[PDB]
file coords03.tsv (TSV, C-alpha atoms and all ligand atoms)
chain	number	residue	atom	x	y	z
A	1	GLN	CA	0.00	0.00	0.00
A	2	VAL	CA	1.11	3.62	-0.63
A	3	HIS	CA	3.11	4.86	2.36
A	4	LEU	CA	5.03	8.08	3.09
A	5	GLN	CA	7.22	7.46	6.16
A	6	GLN	CA	8.47	10.67	7.81
A	7	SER	CA	11.42	11.00	10.23
A	8	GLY	CA	11.01	11.41	13.99
A	9	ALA	CA	10.45	14.41	16.24
A	10	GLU	CA	13.28	17.00	16.58
A	11	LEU	CA	13.92	19.42	19.47
A	12	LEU	CA	16.38	22.11	18.34
A	13	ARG	CA	17.85	25.42	19.42
A	14	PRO	CA	17.13	28.70	17.64
A	15	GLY	CA	19.42	29.42	14.67
A	16	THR	CA	20.09	25.71	13.97
A	17	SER	CA	19.03	23.85	10.76
A	18	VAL	CA	16.95	20.63	10.53
A	19	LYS	CA	16.71	18.17	7.62
A	20	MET	CA	13.69	15.84	7.74
A	21	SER	CA	12.96	12.88	5.42
A	22	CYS	CA	9.87	11.44	3.66
A	23	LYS	CA	10.41	7.91	2.33
A	24	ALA	CA	7.92	6.84	-0.33
A	25	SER	CA	6.80	3.25	-1.02
A	26	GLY	CA	3.93	1.49	-2.82
A	27	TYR	CA	3.93	3.73	-5.94
A	28	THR	CA	6.41	5.06	-8.52
A	29	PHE	CA	8.12	7.96	-6.69
A	30	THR	CA	9.39	9.60	-9.92
A	31	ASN	CA	5.88	9.81	-11.51
A	32	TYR	CA	4.27	12.22	-8.91
A	33	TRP	CA	4.81	15.60	-7.33
A	34	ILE	CA	5.52	15.80	-3.59
A	35	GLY	CA	4.61	18.81	-1.47
A	36	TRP	CA	5.15	19.93	2.08
A	37	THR	CA	2.70	21.55	4.50
A	38	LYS	CA	3.18	23.22	7.93
A	39	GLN	CA	0.62	22.83	10.73
A	40	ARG	CA	0.87	24.91	13.91
A	41	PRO	CA	-1.83	25.38	16.48
A	42	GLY	CA	-3.83	28.59	15.74
A	43	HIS	CA	-2.58	28.65	12.10
A	44	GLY	CA	-4.33	25.51	10.47
A	45	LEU	CA	-2.38	24.40	7.35
A	46	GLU	CA	0.12	26.31	5.23
A	47	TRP	CA	1.73	25.25	1.92
A	48	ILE	CA	5.57	25.35	1.88
A	49	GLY	CA	6.59	24.04	-1.56
A	50	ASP	CA	6.44	21.29	-4.15
A	51	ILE	CA	9.08	19.15	-5.85
A	52	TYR	CA	8.83	16.88	-8.89
A	53	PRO	CA	11.38	14.16	-7.94
A	54	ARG	CA	12.00	12.94	-11.53
A	55	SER	CA	13.24	16.42	-12.70
A	56	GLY	CA	14.21	17.97	-9.28
A	57	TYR	CA	12.06	21.05	-10.20
A	58	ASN	CA	11.06	22.68	-6.91
A	59	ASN	CA	9.05	25.83	-6.18
A	60	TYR	CA	8.11	27.59	-2.95
A	61	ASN	CA	5.61	29.67	-1.15
A	62	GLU	CA	7.37	33.08	-1.23
A	63	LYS	CA	7.25	33.28	2.60
A	64	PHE	CA	9.37	30.05	2.87
A	65	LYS	CA	11.75	30.80	-0.08
A	66	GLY	CA	14.45	31.99	2.43
A	67	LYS	CA	14.02	29.07	4.88
A	68	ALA	CA	13.00	25.78	3.19
A	69	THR	CA	15.02	23.68	0.75
A	70	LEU	CA	13.39	20.70	-0.98
A	71	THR	CA	15.38	17.81	-2.46
A	72	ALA	CA	14.61	14.26	-3.57
A	73	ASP	CA	16.85	11.20	-3.82
A	74	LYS	CA	15.46	9.03	-6.68
A	75	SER	CA	17.67	6.05	-5.71
A	76	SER	CA	16.14	5.76	-2.14
A	77	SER	CA	12.65	7.19	-3.08
A	78	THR	CA	13.15	9.81	-0.31
A	79	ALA	CA	12.14	13.46	-0.28
A	80	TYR	CA	13.86	15.86	2.11
A	81	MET	CA	13.05	19.23	3.54
A	82	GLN	CA	15.73	21.37	5.14
A	83	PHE	CA	14.85	24.41	7.33
A	84	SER	CA	17.62	26.86	8.20
A	85	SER	CA	17.73	29.65	10.83
A	86	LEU	CA	15.11	27.98	13.02
A	87	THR	CA	12.96	30.25	15.22
A	88	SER	CA	10.14	29.54	17.70
A	89	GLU	CA	7.68	30.27	14.80
A	90	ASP	CA	9.07	27.15	13.00
A	91	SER	CA	7.72	24.93	15.89
A	92	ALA	CA	5.14	22.89	13.96
A	93	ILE	CA	4.20	19.53	12.49
A	94	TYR	CA	5.44	19.21	8.89
A	95	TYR	CA	3.77	16.90	6.37
A	96	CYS	CA	4.93	15.53	3.10
A	97	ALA	CA	2.31	14.26	0.62
A	98	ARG	CA	2.02	13.01	-2.94
A	99	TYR	CA	-0.24	14.79	-5.45
A	100	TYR	CA	-2.85	13.11	-7.62
A	101	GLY	CA	-2.19	13.77	-11.31
A	102	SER	CA	0.93	13.70	-13.45
A	103	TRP	CA	3.94	15.92	-14.36
A	104	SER	CA	2.24	18.73	-16.34
A	105	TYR	CA	-0.80	18.99	-14.03
A	106	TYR	CA	-1.84	17.88	-10.53
A	107	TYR	CA	-4.96	18.45	-8.45
A	108	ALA	CA	-4.54	17.63	-4.74
A	109	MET	CA	-2.44	15.86	-2.08
A	110	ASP	CA	-3.88	12.33	-2.12
A	111	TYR	CA	-1.53	10.38	0.20
A	112	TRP	CA	0.04	12.03	3.23
A	113	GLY	CA	2.92	11.24	5.54
A	114	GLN	CA	2.33	10.99	9.28
A	115	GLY	CA	3.97	14.37	10.03
A	116	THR	CA	7.34	15.28	11.64
A	117	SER	CA	7.15	17.34	14.86
A	118	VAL	CA	9.82	20.11	15.07
A	119	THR	CA	10.08	22.04	18.34
A	120	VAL	CA	12.44	25.07	18.53
A	121	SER	CA	13.44	26.07	22.10
A	122	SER	CA	16.37	27.90	23.96
B	1	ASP	CA	-2.74	35.68	-2.00
B	2	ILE	CA	-6.21	34.10	-2.29
B	3	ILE	CA	-7.97	34.05	1.08
B	4	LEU	CA	-10.29	31.10	1.83
B	5	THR	CA	-12.73	31.70	4.69
B	6	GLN	CA	-14.33	28.96	6.81
B	7	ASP	CA	-16.20	29.14	10.11
B	8	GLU	CA	-14.09	27.73	12.98
B	9	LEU	CA	-16.98	25.56	14.28
B	10	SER	CA	-19.87	23.76	12.49
B	11	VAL	CA	-24.97	17.58	14.95
B	12	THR	CA	-26.44	14.12	15.82
B	13	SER	CA	-25.25	10.94	14.17
B	14	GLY	CA	-27.20	10.29	10.91
B	15	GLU	CA	-28.05	13.98	10.32
B	16	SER	CA	-26.78	15.79	7.26
B	17	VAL	CA	-24.34	18.73	7.45
B	18	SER	CA	-22.52	21.02	5.06
B	19	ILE	CA	-19.23	22.94	5.36
B	20	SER	CA	-18.94	26.38	3.67
B	21	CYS	CA	-15.73	27.79	2.08
B	22	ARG	CA	-15.75	31.39	0.72
B	23	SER	CA	-12.96	32.47	-1.64
B	24	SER	CA	-11.72	36.13	-2.02
B	25	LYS	CA	-11.34	35.48	-5.83
B	26	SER	CA	-12.74	33.08	-8.48
B	27	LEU	CA	-11.01	29.69	-8.39
B	28	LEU	CA	-11.94	28.91	-12.03
B	29	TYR	CA	-8.87	28.45	-14.23
B	30	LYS	CA	-8.68	29.15	-18.01
B	31	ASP	CA	-9.10	25.32	-18.61
B	32	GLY	CA	-12.68	25.48	-17.18
B	33	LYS	CA	-11.58	23.55	-14.02
B	34	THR	CA	-12.01	24.87	-10.45
B	35	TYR	CA	-8.91	24.00	-8.37
B	36	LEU	CA	-10.66	23.68	-4.96
B	37	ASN	CA	-9.96	20.74	-2.60
B	38	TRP	CA	-11.58	19.43	0.57
B	39	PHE	CA	-9.66	17.51	3.25
B	40	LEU	CA	-10.76	15.94	6.53
B	41	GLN	CA	-8.27	15.84	9.42
B	42	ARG	CA	-9.56	13.34	11.96
B	43	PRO	CA	-8.40	13.82	15.58
B	44	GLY	CA	-4.64	13.44	15.90
B	45	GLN	CA	-4.25	12.15	12.27
B	46	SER	CA	-2.84	13.57	9.02
B	47	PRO	CA	-5.25	15.28	6.64
B	48	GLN	CA	-7.00	13.03	4.11
B	49	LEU	CA	-8.28	14.06	0.69
B	50	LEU	CA	-12.06	14.03	0.08
B	51	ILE	CA	-12.74	16.15	-3.02
B	52	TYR	CA	-10.59	17.71	-5.77
B	53	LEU	CA	-11.46	19.99	-8.74
B	54	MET	CA	-14.35	21.34	-6.54
B	55	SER	CA	-16.72	18.35	-7.16
B	56	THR	CA	-14.67	15.15	-7.90
B	57	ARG	CA	-14.80	12.58	-5.13
B	58	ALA	CA	-11.37	11.04	-4.54
B	59	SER	CA	-10.92	7.25	-4.93
B	60	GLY	CA	-11.97	5.36	-1.74
B	61	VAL	CA	-14.06	8.29	-0.40
B	62	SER	CA	-17.63	7.54	0.69
B	63	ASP	CA	-20.41	8.82	-1.65
B	64	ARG	CA	-21.85	10.48	1.52
B	65	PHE	CA	-19.39	13.33	0.66
B	66	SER	CA	-20.01	15.63	-2.30
B	67	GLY	CA	-18.65	18.98	-3.37
B	68	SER	CA	-20.23	21.90	-5.20
B	69	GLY	CA	-19.74	25.61	-5.72
B	70	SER	CA	-20.37	28.69	-7.80
B	71	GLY	CA	-18.41	31.91	-8.06
B	72	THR	CA	-16.63	32.33	-4.74
B	73	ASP	CA	-18.89	30.04	-2.61
B	74	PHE	CA	-18.06	26.33	-2.16
B	75	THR	CA	-19.89	23.65	-0.21
B	76	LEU	CA	-19.01	20.21	1.15
B	77	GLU	CA	-22.18	18.19	1.70
B	78	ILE	CA	-22.08	15.24	4.12
B	79	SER	CA	-25.10	12.87	4.06
B	80	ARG	CA	-25.70	10.67	7.13
B	81	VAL	CA	-22.87	11.92	9.43
B	82	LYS	CA	-20.95	9.07	11.19
B	83	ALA	CA	-18.43	9.06	14.08
B	84	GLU	CA	-15.57	8.65	11.54
B	85	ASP	CA	-16.51	12.08	10.03
B	86	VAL	CA	-15.52	13.95	13.26
B	87	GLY	CA	-12.54	16.28	12.80
B	88	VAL	CA	-11.55	19.45	11.02
B	89	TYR	CA	-12.49	20.09	7.37
B	90	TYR	CA	-10.14	22.27	5.30
B	91	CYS	CA	-10.73	23.75	1.87
B	92	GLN	CA	-7.68	24.59	-0.29
B	93	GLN	CA	-7.07	26.31	-3.64
B	94	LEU	CA	-4.37	25.40	-6.18
B	95	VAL	CA	-5.33	27.95	-8.92
B	96	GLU	CA	-2.73	30.61	-7.83
B	97	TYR	CA	0.61	30.65	-6.00
B	98	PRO	CA	0.86	30.50	-3.16
B	99	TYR	CA	-1.53	27.58	-2.58
B	100	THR	CA	-3.69	28.50	0.41
B	101	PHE	CA	-6.04	26.75	2.87
B	102	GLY	CA	-9.16	27.81	4.69
B	103	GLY	CA	-8.83	28.04	8.48
B	104	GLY	CA	-10.69	24.70	9.00
B	105	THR	CA	-14.16	23.95	10.31
B	106	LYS	CA	-14.48	21.60	13.32
B	107	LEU	CA	-17.23	19.00	13.23
B	108	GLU	CA	-18.27	17.25	16.46
B	109	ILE	CA	-21.20	14.89	17.15
B	110	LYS	CA	-23.22	15.58	20.41
A	201	LIG	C1	-3.67	25.01	-12.92
A	201	LIG	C2	-3.02	26.12	-12.71
A	201	LIG	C3	-2.27	26.50	-11.49
A	201	LIG	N1	-0.78	26.49	-11.51
A	201	LIG	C4	-0.05	25.82	-12.68
A	201	LIG	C5	1.44	26.10	-12.96
A	201	LIG	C6	1.92	24.81	-13.54
A	201	LIG	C7	3.39	24.63	-13.89
A	201	LIG	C8	3.92	25.70	-14.87
A	201	LIG	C9	5.37	25.42	-15.21
A	201	LIG	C10	5.54	24.08	-15.87
A	201	LIG	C11	6.94	23.81	-16.45
A	201	LIG	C12	7.02	22.51	-17.22
A	201	LIG	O1	6.14	22.51	-18.32
A	201	LIG	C13	6.54	21.32	-16.32
A	201	LIG	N2	7.62	20.85	-15.35
A	201	LIG	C14	7.26	19.65	-14.52
A	201	LIG	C15	8.38	19.46	-13.52
A	201	LIG	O2	9.61	19.13	-14.18
A	201	LIG	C16	9.98	20.23	-14.98
A	201	LIG	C17	8.92	20.48	-16.02
A	201	LIG	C18	5.19	21.68	-15.70
A	201	LIG	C19	5.10	22.94	-14.87
A	201	LIG	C20	5.96	22.98	-13.62
A	201	LIG	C21	3.61	23.19	-14.44
A	201	LIG	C22	3.05	22.02	-13.57
A	201	LIG	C23	1.58	22.30	-13.16
A	201	LIG	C24	1.35	23.71	-12.56
A	201	LIG	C25	2.03	23.81	-11.18
A	201	LIG	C26	-0.08	24.25	-12.45
A	201	LIG	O3	-0.69	23.94	-11.14
A	201	LIG	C27	-1.30	22.72	-11.01
A	201	LIG	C28	-1.85	22.58	-9.65
A	201	LIG	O4	-1.46	21.91	-11.87
A	201	LIG	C29	-0.60	28.01	-12.00
A	201	LIG	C30	-0.47	28.94	-10.81
A	201	LIG	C31	-0.37	28.06	-9.63
A	201	LIG	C32	-0.01	26.72	-10.21

call {"tool": "encode", "arguments": {"input": "coords03.tsv", "output": "structure tokens", "more": "lines below"}}
Ligand SMILES: C=CC[N+]1([C@H]2C[C@H]3[C@@H]4CC[C@H]5C[C@H](O)[C@@H](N6CCOCC6)C[C@]5(C)[C@H]4CC[C@]3(C)[C@H]2OC(C)=O)CCCC1
result
Amino acid sequence: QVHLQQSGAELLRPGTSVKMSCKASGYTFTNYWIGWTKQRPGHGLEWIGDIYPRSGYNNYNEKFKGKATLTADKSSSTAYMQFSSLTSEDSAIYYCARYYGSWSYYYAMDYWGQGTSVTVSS
Amino acid sequence: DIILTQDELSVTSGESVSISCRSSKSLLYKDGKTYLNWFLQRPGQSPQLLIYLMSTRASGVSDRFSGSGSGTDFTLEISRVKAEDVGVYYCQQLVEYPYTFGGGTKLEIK
């Protein structure tokens, strides 16, 4: 069955970087877009960015363009998200998810990871 | 950015309910498609997809769920509400960058 397995909870100091993983199984990783979402209490869901693993094409919500870096390793079917310059506002659950559709068009996140909890504290 | 507005809070089991999502702008794209999605986030779980392109039920989703809309008003209809439908319902648009979500509407059964 389709599965997106995300890495475990992180507790980090302000100004550090984190790199979290999203390992895909049960479908062809290079045929679908992956995107990342941020969920904090009081702020519902926010879109961070998408990547098309086959091509490495990535694009961002302007407000995360400074902060988030998306990559994909085709050989391990793993997507990564790196966050630099962590602040207390980065304390959130982060999801990865696959999009229904193809390469030239997609419609919605159809299979979701379980979320990675990042907590930023001094 | 496109703003999607939902009430924070929405019932007895078996009743019908609907969730409203109001867009600041038309979500119709030049291809005639409306890039509006509905997700359910059950308590302590990841979001799950219900509806895409405003009115297409995703594979494996109960036909109790249906989506409609017109102009800037969108509706998720739920027939015969069940315990498994409890959670937060989010709308989302993919017609313009950045992609944006509604604030979520919480559904509880009494
Ligand atoms: C329906 C409209 C909404 N948007 C469009 C914008 C669309 C993109 C425009 C640029 C394209 C370049 C190239 O041809 C393709 N690349 C695939 C990756 O490898 C490199 C080649 C497809 C490409 C990235 C498109 C994919 C689908 C894109 C995101 C569409 O969005 C969706 C959800 O389908 C427009 C504004 C917001 C996004």

call {"tool": "residues_near_ligand", "arguments": {"input": "coords03.tsv", "ligand": "ligand LIG 201 (chain A)", "cutoff": "6 Å", "atoms": "only C-alpha atoms and all ligand atoms", "output": "number ranges by chain"}}
result
A: 52, 55, 57, 103-107; B: 94-97

call {"tool": "residues_around", "arguments": {"input": "coords03.tsv", "residues": "residue A:48", "least_positions_apart": "4", "cutoff": "8 Å", "atoms": "all atoms listed in the file", "output": "list in words"}}
result
residues 35, 36, 37, 38, 60, 61, 64 and 68 of chain A

call {"tool": "atom_distance", "arguments": {"input": "coords03.tsv", "atom1": "atom CA of residue A:76", "atom2": "atom CA of residue B:46"}}
result
23.4 Å

call {"tool": "atom_distance", "arguments": {"input": "coords03.tsv", "atom1": "atom CA of residue B:110", "atom2": "atom CA of residue A:45"}}
result
26.1 Å

call {"tool": "interface_residues", "arguments": {"input": "coords03.tsv", "of": "chain B", "to": "chain A", "cutoff": "8 Å", "atoms": "all atoms listed in the file", "output": "NGL selection string"}}
result
:B and (35 or 37 or 45-49 or 52-53 or 58 or 94 or 97-104)

call {"tool": "residues_around", "arguments": {"input": "coords03.tsv", "residues": "residue A:28", "least_positions_apart": "2", "cutoff": "12 Å", "atoms": "all atoms listed in the file", "output": "list in words"}}
result
residues 1, 2, 3, 23, 24, 25, 26, 30, 31, 32, 33, 34, 53, 54, 74, 75, 76, 77, 78, 98 and 102 of chain A

call {"tool": "atom_distance", "arguments": {"input": "coords03.tsv", "atom1": "atom CA of residue B:1", "atom2": "atom CA of residue B:54"}}
result
19.0 Å

call {"tool": "closest_residue", "arguments": {"input": "coords03.tsv", "among": "B:41, B:92, B:5, B:18", "to": "residue B:64", "atoms": "all atoms listed in the file"}}
result
B:18

call {"tool": "closest_residue", "arguments": {"input": "coords03.tsv", "among": "A:70, A:92, A:9, A:20", "to": "residue A:39", "atoms": "all atoms listed in the file"}}
result
A:92

call {"tool": "residues_near_point", "arguments": {"input": "coords03.tsv", "point": "(-13.9, 22.8, -7.4)", "cutoff": "12 Å", "atoms": "all atoms listed in the file", "output": "ChimeraX atom specification"}}
result
/A:107-108 /B:21-23,26-29,32-38,50-57,66-76,91-95

call {"tool": "closest_residue", "arguments": {"input": "coords03.tsv", "among": "B:3, B:78, B:89, B:109", "to": "residue B:17", "atoms": "only C-alpha atoms"}}
result
B:78

call {"tool": "residues_around", "arguments": {"input": "coords03.tsv", "residues": "residue B:108", "least_positions_apart": "2", "cutoff": "9 Å", "atoms": "all atoms listed in the file", "output": "PyMOL selection string"}}
result
chain B and resi 9-12+83+85-88+106+110

call {"tool": "write_last_selection", "arguments": {"input": "coords03.tsv", "atoms": "C-alpha atoms", "output": "compact mmCIF listing (two decimals), in the coordinates of the input"}}
result
# COMPACT_ATOMS: atom_id res chain seq x y z
CA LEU B 9 -16.98 25.56 14.28
CA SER B 10 -19.87 23.76 12.49
CA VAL B 11 -24.97 17.58 14.95
CA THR B 12 -26.44 14.12 15.82
CA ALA B 83 -18.43 9.06 14.08
CA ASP B 85 -16.51 12.08 10.03
CA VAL B 86 -15.52 13.95 13.26
CA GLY B 87 -12.54 16.28 12.80
CA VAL B 88 -11.55 19.45 11.02
CA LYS B 106 -14.48 21.60 13.32
CA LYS B 110 -23.22 15.58 20.41
